[PDB]
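Read the structure below first, then the notes.
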Amino acid sequence: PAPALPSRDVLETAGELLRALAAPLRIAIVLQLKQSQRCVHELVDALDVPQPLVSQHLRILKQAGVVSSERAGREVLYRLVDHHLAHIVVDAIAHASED
Amino acid sequence: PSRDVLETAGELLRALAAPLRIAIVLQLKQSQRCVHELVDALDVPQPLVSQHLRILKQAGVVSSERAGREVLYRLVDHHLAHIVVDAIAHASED
């Protein structure tokens with residue numbers, strides 16, 4: 020019949036995850052990172068927003084467990100921790116467009 | 025996607041972020057429900073539930089419609105349940 024209720028803990032953590040994804044620029048970063056890992060200057064070029072703003076949204080995504088970074092040669096690359104998180108934003112976009 | 029579509033998607037995600045809202049969506053994913061069935065399953069005051077539903081409705085996440093004597097709430101589409109279910113899946117790691 021009627022599920023469940025996860026804890027409390029699971030529901031609050033799910034809540035924070037959604038709030039971390041809920042900004043037009045974070046949505047747009049997650050879309051970039053679904054296609055390719057990127058450094059900051061490339062996100063700056065693709066999104067047309069200055070670096071200090073990009074960096075702050077990346078910090079917000081990293082704190083939330085959505086992205087990580089790692090050295091690759093002479094640059095730092097950001098990547099999505101799990102590509103299923105991109106499905107959240109893709110579905111949000113689908114809903115928004117069917118409306 | 026346009027600026028407006030990104031903004032609208034972001035407002036959707038903000039509306040779903042409360043923990044009772046996620047709880048409401050997971051109930052509605054299984055079946056349409058009247059307010060009192062949600063009150064039972066969630067274990068929460070009636071007027072509070074109703075407050076979350078009026079907000080979910082304004083946000084375009086739930087709709088309500090008569091079915092005989094009841095007014096039933098449903099999810100507007102399946103995209104919404106997938107969002108909540110994938111968030112729960114992710115938040116279940118730790």
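Protein chains in written order, with the UniProt record's numbering: chain Y, 20 to 118; chain Z, 25 to 118. Where is the CB? At the ideal position from N, CA and C, for every residue including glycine.
Going by beta carbon distance, what residues of the same chain come within less than 8 Å of Y:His102, once the five residues before and after it are set aside?
Looking up residue 102 of chain Y in the first sequence gives position 83. Hits under 8 Å: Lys53.
Y:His76 burial status per 10 Å Cβ neighbour count (16 or more: buried)
On the first sequence, position 57 is the one that residue 76 of chain Y refers to. Y:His76 sits buried, since 16 or more C-beta atoms from the chains shown fall within 10 Å of its C-beta.
Reference Y:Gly84; option with closest CA among Y:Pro22, Y:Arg27, Y:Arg38, Y:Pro69
The residue given as residue 84 of chain Y occupies position 65 in the first sequence. Selected option, being the one with the closest Cα: Y:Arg38.
Can you tell me which of the three DSSP states Z:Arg45 falls into?
For this step, residue 45 of chain Z is matched to residue 21 along the second sequence. Annotated three-state conformation of Z:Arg45 is helix, per DSSP.
Between the region 75–98 of chain Y and chain Z, which residues of the former have CB atoms less than 7 Å from a CB of the latter, in chain order?
Hits within the stretch: zero.
In whole angstroms, what is the alpha-carbon distance linking Y:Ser55 and Z:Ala65?
Here residue 55 of chain Y corresponds to residue number 36 of the first sequence, with the count starting at 1. Here residue 65 of chain Z corresponds to residue number 41 of the second sequence, with the count starting at 1. Computed Cα separation, rounded: 42 Å.
Rounding to the nearest angstrom, what Cα-Cα distance links Z:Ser87 and Z:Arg98 in this structure?
Residue numbering aside, residue 87 of chain Z sits at position 63 when the second sequence is read from its first letter. Residue numbering aside, residue 98 of chain Z sits at position 74 when the second sequence is read from its first letter. Answer to the nearest angstrom: the Cα atoms are 5 Å apart.
Relative to chain Y, which residues along the region 36–55 of chain Z have a C-beta separation below 7 Å, given in chain order?
Those residues of the region 36–55 of chain Z that come within reach of chain Y (Cβ to Cβ, closer than 7 Å) are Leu36, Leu37, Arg38, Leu40, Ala41, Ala42, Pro43, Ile46, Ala47, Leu50, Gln51, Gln54.
Note down, in chain order, every chain Y residue with its Cβ under 8 Å from the Cβ of Z:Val29.
For the purposes of this step, residue 29 of chain Z is taken as the residue at position 5 of the second sequence. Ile112, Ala115, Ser116, listed in chain order.
Proximal chain Z residues relative to Y:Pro69, where beta-carbon distance stays under 9 Å
Taking the first sequence and counting its residues from 1, the one referred to as residue 69 of chain Y is at position 50. Chain-ordered listing is empty here: chain Z has no CB closer than 9 Å to the CB of Y:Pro69, the nearest sitting near 17 Å.
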